[PDB]
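Visitor: here goes the first bit of my complex:
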Amino acid sequence: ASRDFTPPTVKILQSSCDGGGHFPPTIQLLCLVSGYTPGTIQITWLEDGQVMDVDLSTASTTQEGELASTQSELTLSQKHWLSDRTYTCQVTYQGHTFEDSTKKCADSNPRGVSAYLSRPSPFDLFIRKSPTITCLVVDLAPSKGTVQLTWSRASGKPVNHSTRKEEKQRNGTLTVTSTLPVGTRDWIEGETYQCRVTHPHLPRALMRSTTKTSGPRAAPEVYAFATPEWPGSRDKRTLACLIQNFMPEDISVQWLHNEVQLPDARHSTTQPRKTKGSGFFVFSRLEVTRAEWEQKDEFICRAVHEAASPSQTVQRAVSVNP
């Protein structure tokens, strides 16, 4: 009887706060797939879109009459819940996916507006040779008046045309991004750029400025390494790179493989920190697969930095096999 087919639905319940309104020390999320026509079912949990380890959750399926029911429970620390991460219950049933998401409920009062202004990245300055700076305005209330965002130079010389994006966010706020192309000689020779943000509902105008970092210079050292093969790493292995003793701290790190620049999401790179003596260091970690090194067994860690000579780059290769 195909007329009796009952598709699954998804809802998430959570641990309640106590009689004082306070979070418990751990949070349970309970994904409920109510009565559906019995069939093969799998539940995957996502943390900000990344698959979570199945070890962190349980799952149970019962059948009552002609209908099945499945629940999965995920447990989180209070610290992680307070970090405003979003969790997704992803249900796969007979080749069709359902899902639902949740995060900590929003606070009763809205946050004030904030603004951020970046310097150009070394990769854009020296590889692409098309540098830009970005002014980012967050926590705006939508459906108000549109926000004015104006660029100027301390020298009084003209700015180029910028591009502007406005995007409604899941939490109901608005973000505005403005990206300004800058002259390469202008930037290297110390020009100061300002982003000025105004709106009638703001208390005052917001102003941010940016300019090349002053002070001493020093070129980066680069070292690439591979972890050994062992029973836990037969068809994957971990590569690492240490980049150190450079100044100032602005740097771009990439990994290259078989004439491809790998996506930024493939690796994890730390924030620049001070060496005991002079300069900064960063570490980068890249997990690679057997199919990649069977394609070509050469992985390159590359740093882009203004003091690297002769062409603002330093790089080192590593191989995983003999």
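Guide: Right, received. Where do you want to start? Numbers count the residues shown, from 1 in each chain, chains lettered A, B, ... in the order given.

Visitor: list the buried residues of stretch A:282-291.
Guide: Buried residues in stretch A:282-291, counted by 16 or more other C-beta atoms under 10 Å: A:282, A:284, A:286, A:288. All C-beta atoms are positioned from the backbone trio N, CA, C, and that covers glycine.

Visitor: what bridges to the third one?
Guide: In this case it means residue A:286. residue A:239, residue A:267 (DSSP bridges).

Visitor: next, give phi and psi for the residue nearest the centre of chain A.
Guide: Most central in chain A under C-alpha atoms, centre = their mean is residue A:265, positioned 7.9 Å from the mean C-alpha point. Backbone torsions of residue A:265, given as degrees, to the nearest 10, read phi -70, psi -20.

Visitor: nearest spatial neighbour of residue A:13, skipping sequence neighbours?
Guide: residue A:30 (4.5 Å; C-beta to C-beta, 6 or more residues apart in numbering).

Visitor: before we move on, what about residue A:31?
Guide: In space, residue A:31 is closest to residue A:89, 3.7 Å off (C-beta to C-beta, 6+ apart).

Visitor: where's that neighbour, which helix or strand?
Guide: strand A:87-93 (DSSP states H and E).

Visitor: following that strand, which helix or strand comes up?
Guide: strand A:96-102.

Visitor: quick one: residues in contact with stretch A:82-90.
Guide: For stretch A:82-90, contacts defined as C-beta atoms under 8 Å, 6 or more residues apart in numbering pick out A:10, A:12, A:23, A:29, A:31, A:43-49, A:72, A:74, A:76, A:97-104, A:170.

Visitor: so how far is residue A:52 from the residue nearest to residue A:31?
Guide: Residue A:89 sits 10 Å away from residue A:52, going by C-beta to C-beta, to the nearest Å.

Visitor: tell me the contacts of residue A:77?
Guide: A:25-27.

Visitor: and which of those residues is nearest to residue A:68?
Guide: Relative to residue A:68, the closest of those is residue A:27; by C-beta to C-beta it sits at 26.9 Å.

Visitor: state the distance from that closest one to residue A:88.
Guide: 15 Å.

Visitor: and for residue A:53?
Guide: Using C-beta to C-beta, one gets 15 Å for the distance from residue A:53 to residue A:88.

Visitor: quick one, helices of the stretch 51-200 of chain A?
Guide: For the stretch 51-200 of chain A, the helices defined by DSSP state H, counting those that start in this stretch occupy A:78-82, A:122-126, A:184-188.

Visitor: for residue A:254, find the nearest of those helices.
Guide: It's helix A:122-126; of these, that one is closest to residue A:254 (C-beta to C-beta) at 7.3 Å.

Visitor: for the closest one, output the C-alpha coordinates as PDB.
Guide: The C-alpha trace of helix A:122-126 is given here as PDB (Å, rounded to 0.1, in the frame of the first residue of the first chain):
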ATOM      1  CA  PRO A 122      50.700  39.500   0.700                       C
ATOM      2  CA  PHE A 123      49.300  37.000  -1.900                       C
ATOM      3  CA  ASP A 124      47.200  39.800  -3.500                       C
ATOM      4  CA  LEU A 125      50.100  42.300  -3.300                       C
ATOM      5  CA  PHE A 126      52.900  40.200  -4.700                       C
END
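
Visitor: show me what residue A:117 is bridged to.
Guide: Applying DSSP bridges, one finds that residue A:117 bridges with residue A:135.

Visitor: and chain B, same structure:
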Amino acid sequence: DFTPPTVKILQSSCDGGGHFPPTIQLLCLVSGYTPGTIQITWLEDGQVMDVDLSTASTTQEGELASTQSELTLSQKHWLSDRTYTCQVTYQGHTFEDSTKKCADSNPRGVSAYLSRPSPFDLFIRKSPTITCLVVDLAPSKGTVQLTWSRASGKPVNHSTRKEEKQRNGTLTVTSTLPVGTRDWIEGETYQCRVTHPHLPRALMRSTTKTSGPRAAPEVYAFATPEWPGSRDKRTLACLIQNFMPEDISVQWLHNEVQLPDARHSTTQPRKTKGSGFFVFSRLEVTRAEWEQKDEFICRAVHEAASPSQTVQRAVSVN
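Guide: If we add chain B to the chains shown above, we get the following:
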């Protein structure tokens, strides 16, 4: 042989933007108990709610019953900050739990954080501590009050308290509480409670040991080759990875003695691509040191390592 009832309340979640749904369900669960007479009653600010507002049902599996009751509230009532109590009467005796909407997490822009003990303090020094940090307070009058307690109500020791005004005009308050080694390992919950004169209600943070799976770290240690112009220095790098949970301590040793903490730097734990976390540790060394003895030890202390919560790896310059 007897399994008493327990009470827990679950509620409708907010969506991916943190928004409330049109109605709020509260679900009172009495799961896995020796069968007997049972009633579930809901109170709103201590008064019995109409019988038609909730439905209870009971099932049995093996030697144990389970009971649940669901109450539906309007968004407006939930947001009014009323207290809802699930009152369970089993064999004539009463068990209660209560809930209300979660209080703001960053009232007036403040943040508060509460740590777990470091593994070195817990397993090596056997003097574990936890730390409660409150940031972005106003430099107003009226001292910020910070109080410690255990979920079990057992006593706590005195704590430290430190304030200092920051360069940005804010005030941070920090307190560190010593905890019992056995008390922590057996799963006690510790609570930090902060009251400021300008805050409308008390702010609380709670911490306890992890409830997830455990996995010991892998430890790998490397020495940099000589870089042109730096004959008398080398850098040692240690990668520690795939451990769970994320709490970890890192030490370096040379000549059987532990080096001062100021000698090295360790990154904060970050997720791998799959299960577990990694950190990097960095140690600069001198020619005098490796010519004296060319062996340096990167040691990790972690609750999942056996038999003594330690895993380590040595490295040599040559």
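
Visitor: check the contacts of residue A:77 one more time with chain B there.
Guide: Counting by C-beta atoms under 8 Å, 6 or more residues apart in numbering or on different chains, residue A:77 touches A:25-27, B:210.

Visitor: so how do I select the buried members of those in ChimeraX?
Guide: In ChimeraX, this line selects whichever of the contacts of residue A:77 come out buried by 16 or more other C-beta atoms under 10 Å in any protein chain shown:
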select /A:25,26,27 /B:210
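
Visitor: what's the farthest-apart pair in the contacts of residue A:77?
Guide: Every pair of these checked by C-beta to C-beta; the farthest is A:27 and B:210, at 13.0 Å.

Visitor: ok, back up a step: can I get the contacts of residue A:77 in a markdown table including secondary structure?
Guide: Shown next, in a markdown table, are the contacts of residue A:77 (DSSP: H, G, I helix; E, B strand; the rest coil):
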| residue | secondary structure |
| --- | --- |
| A:25 | coil |
| A:26 | strand |
| A:27 | strand |
| B:210 | coil |
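
Visitor: distance from the chain centre to the strand holding residue A:89, please.
Guide: 21 Å (C-alpha atoms, centre = their mean, to the nearest Å).

Visitor: stretch A:146-157 now?
Guide: The answer for stretch A:146-157 is 29 Å, by C-alpha atoms, centre = their mean.

Visitor: pull the residues that contact it.
Guide: A:135, A:137, A:140, A:159, A:162, A:164, A:176, A:178, A:180, A:186, A:191-199, A:209.

Visitor: residues in the stretch 151-300 of chain A within reach of chain B, list them.
Guide: A:169-172, A:221, A:223, A:225, A:227-228, A:232, A:238, A:240, A:242, A:244, A:268, A:270, A:273, A:275-277, A:281, A:283, A:285, A:287 (C-beta under 8 Å from any C-beta of the partner chain).

Visitor: put the alpha carbons of stretch A:73-92 into PDB.
Guide: C-alpha atoms of stretch A:73-92 as PDB (Å, rounded to 0.1, in the frame of the first residue of the first chain):
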ATOM      1  CA  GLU A  73      21.300  12.400  21.000                       C
ATOM      2  CA  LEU A  74      24.400  14.600  20.900                       C
ATOM      3  CA  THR A  75      26.200  15.900  24.000                       C
ATOM      4  CA  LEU A  76      28.100  19.200  24.100                       C
ATOM      5  CA  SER A  77      30.000  21.100  26.800                       C
ATOM      6  CA  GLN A  78      28.500  24.400  28.000                       C
ATOM      7  CA  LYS A  79      31.600  26.100  26.700                       C
ATOM      8  CA  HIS A  80      31.000  25.000  23.100                       C
ATOM      9  CA  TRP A  81      27.300  25.900  23.300                       C
ATOM     10  CA  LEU A  82      28.200  29.400  24.500                       C
ATOM     11  CA  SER A  83      30.500  29.800  21.500                       C
ATOM     12  CA  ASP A  84      27.400  30.200  19.300                       C
ATOM     13  CA  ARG A  85      28.200  27.300  17.000                       C
ATOM     14  CA  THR A  86      25.400  25.900  14.900                       C
ATOM     15  CA  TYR A  87      24.400  22.200  14.900                       C
ATOM     16  CA  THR A  88      22.600  20.300  12.200                       C
ATOM     17  CA  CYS A  89      20.800  17.000  12.300                       C
ATOM     18  CA  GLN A  90      21.100  15.400   8.800                       C
ATOM     19  CA  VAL A  91      18.800  12.500   8.100                       C
ATOM     20  CA  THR A  92      19.200  10.300   5.000                       C
END
